[PDB]
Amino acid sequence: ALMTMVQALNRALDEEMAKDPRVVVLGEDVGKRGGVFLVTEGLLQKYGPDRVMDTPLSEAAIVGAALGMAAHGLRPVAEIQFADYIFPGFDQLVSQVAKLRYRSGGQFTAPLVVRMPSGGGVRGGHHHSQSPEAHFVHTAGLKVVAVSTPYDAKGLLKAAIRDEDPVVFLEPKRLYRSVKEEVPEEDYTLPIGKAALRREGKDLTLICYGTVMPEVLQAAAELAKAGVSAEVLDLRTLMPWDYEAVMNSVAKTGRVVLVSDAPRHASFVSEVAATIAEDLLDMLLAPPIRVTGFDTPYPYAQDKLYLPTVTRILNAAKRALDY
């Protein structure tokens, strides 16, 4: 039936835990409380403190212990209360989790998932609105996924839990209950590393994911009123990202605008943009344009303006179309 992202995420966890005893949840207030966003609500009551465990307020301990659990025998799904709080546990994430398989010649593996709420659009200020995906993408050894719909939330979280490679799972908090979509109760998964064609078009390619989807989709709707057909491509997986999907769309339209709320410099969309330029220069009819968060810490007062607005995205589309 219809359900929010929170419900879909909760369903995915419940389903995977029922299917595999090894799957365990750990993090700050994931038990009794059911999480600050209720993603793990009811799981403790159903599976016990040996499957859903509250931990001290240490991200290093959470991420690091999760790595140890995964290397030994469990399939931990660790939660970091906010994407902004991944930093105290960053060394564990990049020095231990990401490099385990590689440094051990494959002797040790890390089948674990680190989920976290991210992005702005709710007035999070400095440490309640960050989108740190670039830090993860830049770190070899970590798969990175950012969902934007309830359907994908369930399908991809389930996929992450079954994946043996470490997966950093980002959940845009503004989308937790922003929409009730149809999500099959039946067991299904979605492929990690594959983009989703949200809307087909031939005049412009809009590359995006996660947090900014609402504004990008409405932008495509505004363009439609003017007769411009924008193709909206939700990447979903940022690492490894859907190279084929991106290049196919761009080759077709000849023009592309990449959108995200993460800071501009050395961001993930910068990577895609540079790659489009390096590989499809001959297919470009206009410069690849990037609409991203500004290169400033996430502001509370100007929260509404930092996150790309429909207007900002349209000004970029117009610039690409008139080129």
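Heads up: residue numbers just count along the shown sequence, starting at 1.
Once the C-alpha B-factors are averaged per stretch, 117-125 and 91-99 rank with 117-125 first.
Comparing the deposited coordinates for 179-187 and 77-85, the stretch with the larger average C-alpha B-factor is 179-187. Across 67, 61, 36, 258, the entry's maximum B-factor at the CA atom is seen for 36. Taking the PDB entry at face value, the top CA B factor among 216, 226, 140, 112 belongs to 226. The entry lists a Cα temperature factor for residue 31 that places it in the highest third of the chain's modelled residues. In the PDB entry, a CA B factor belonging to the highest third of its chain's modelled residues is recorded for residue 201. In the deposited entry, the Cα temperature factor of residue 45 sits in the top third of values across the chain's modelled residues. When the modelled residues of the chain are ordered by C-alpha B-factor, residue 244 sits in the highest third. Residue 262: CA B factor in the lowest third of modelled residues in this chain (values from the PDB entry).
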